[PDB]
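One chain follows as structure tokens, the form deposited in one PDB entry.
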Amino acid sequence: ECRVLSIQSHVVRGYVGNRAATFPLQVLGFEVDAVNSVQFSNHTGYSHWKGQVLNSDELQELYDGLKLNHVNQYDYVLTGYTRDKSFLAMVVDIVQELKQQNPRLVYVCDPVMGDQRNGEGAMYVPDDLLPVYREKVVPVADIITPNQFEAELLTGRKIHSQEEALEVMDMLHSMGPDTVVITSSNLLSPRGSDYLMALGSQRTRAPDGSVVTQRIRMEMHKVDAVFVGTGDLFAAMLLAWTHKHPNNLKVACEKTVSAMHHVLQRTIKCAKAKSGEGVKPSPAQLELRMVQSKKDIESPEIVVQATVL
């Protein structure tokens, strides 16, 4: 039995934030407790959107409810896209007290702040969130899944190669997270302009306090569409696989990214099968075919090989 506390957004239609993390973790055998940080008709990639957001105090209300009935015991805490700095400071308090109620509680954090386009990245969230993620959040994170744009901001050091990209990660580990994964970066992969490159190193503390920093590289064949929520579906499954492979980041990212590709391919197909030739598919048709990728989520056919080091 493994109980995860997933504090992310919810949407009536589509798979983003919690909608993107729940079903996977559930079919992967996990016990998902979901706090919906917001509830909107759909993600903001759409033309329109309406909805309500959960504030800082309401997040707490729900936590006290859990605490009062003495059911605030968890094995994992998964947080993602957040706009409110007060809401995030609240997430840190919760995570710190949950780590006191004691389990080898693993805090999987996706430091969502924006994405990267070659020279400068467009920040999604307000810049008053960076300090908090850097100063209060990451320090208590165990597994963080940033962008390259995110890894950079977090360390205040920009990335221009695989080499200095591992230097940013080493810098990250120092802040607290023993596991880091750069889910996507500008870096040209040894496979061509056609492949996206993911990076990630695990600084394991083996018996007798030795150092162990296994680093890896993943190459996912890109896809002709702009998907929403892939970051969320990723961190969720990563959570799942790193549980199965606690010291084998290699196999965890493999299974993770492999299932990633299976769902994205199945998605881009139905989006196309649902859109005439010459017309670009809509955020609506690009929604992940989640329910359909069940088995693939359950048992990912390894079509990717993690390059050790």
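When you see a residue number, it is the position in the sequence shown, counting from 1. We call the rigid core whatever largest set of C-alpha positions still superposes within 1.5 Å between the two forms.
Same protein, other form: the form deposited in another entry, not shown, and the subject of what follows.
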- Item | Exceeds or equals 2 Å, Cα of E120 between the shown form and the other one, core fit | yes
- Item | Distance trend in that other deposited form - C-alpha atoms of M169 and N118, change of 3 Å or more | farther
- Relative to what we see here, could you say if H221 and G119 have their Cα atoms closer or farther apart in that other deposited form, with a change of 3 Å or more? closer
